[PDB]
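The block underneath contains the structure these notes are about, expressed in structure tokens.
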Ligand SMILES: [Zn+2]
Ligand SMILES: [Zn+2]
Ligand SMILES: [Zn+2]
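In PDB author numbering, the protein residues as written are 311 to 379.
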């Protein structure tokens with residue numbers, strides 16, 4: 311059940327827009343990021359200039375982009 315790369319392995323650039331936050335497209339620490347099971351994307355809670363600091367750690371939740379659905 312280890313993490314897998316979707317558009318990174320196929321893309322020579324090896325960007326992790328999916329596994330990593332699309333804003334950074336990789337070059338980040340997915341351990342401090344939360345993944346959305348519905349969108350399977352990372353949130354910037356810690357990438358914004360100011361860090362959210364709460365870091366739920368649960369990593370199991372939905373991002374506000376799809377929660378409004
Ligand atoms: Zn990836
Ligand atoms: Zn980022
Ligand atoms: Zn989502």
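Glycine residues also receive a C-beta, built at the ideal position from the N, C-alpha and C atoms.
State the beta-bridge partners of residue 346 as determined by DSSP. Residue 346 sits at position 36 when you count from the first residue of the chain shown. For residue 346, which the question treats as bridged, DSSP gives the partners 371.
By DSSP's criteria, residue 352 is part of a beta bridge. Which residues make up the other side? Position 42 of the chain shown, counting from 1, holds the residue named residue 352. According to DSSP, which records beta bridges pairwise, residue 352 is partnered with 345.
Could you give the first and the last residue of the continuous alpha helix (DSSP H) run that contains residue 317? Locating residue 317 in the chain shown gives position 7, counting from the first residue. Here the alpha helix (DSSP H) through residue 317 covers 317-320.
Distance CB(residue 369)-CB(residue 344) smaller than 7 Å: Looking up residue 369 in the chain shown gives position 59. Looking up residue 344 in the chain shown gives position 34. It is a contact, given that the beta carbons lie within the stated cut-off.
Straight-line Cα distance separating residue 362 from residue 316: Residue mapping note: residue 316 aligns to position 6 of the chain shown, counting from 1. Residue mapping note: residue 362 aligns to position 52 of the chain shown, counting from 1. Distance between the alpha carbons of residue 316 and residue 362 is about 27 Å.
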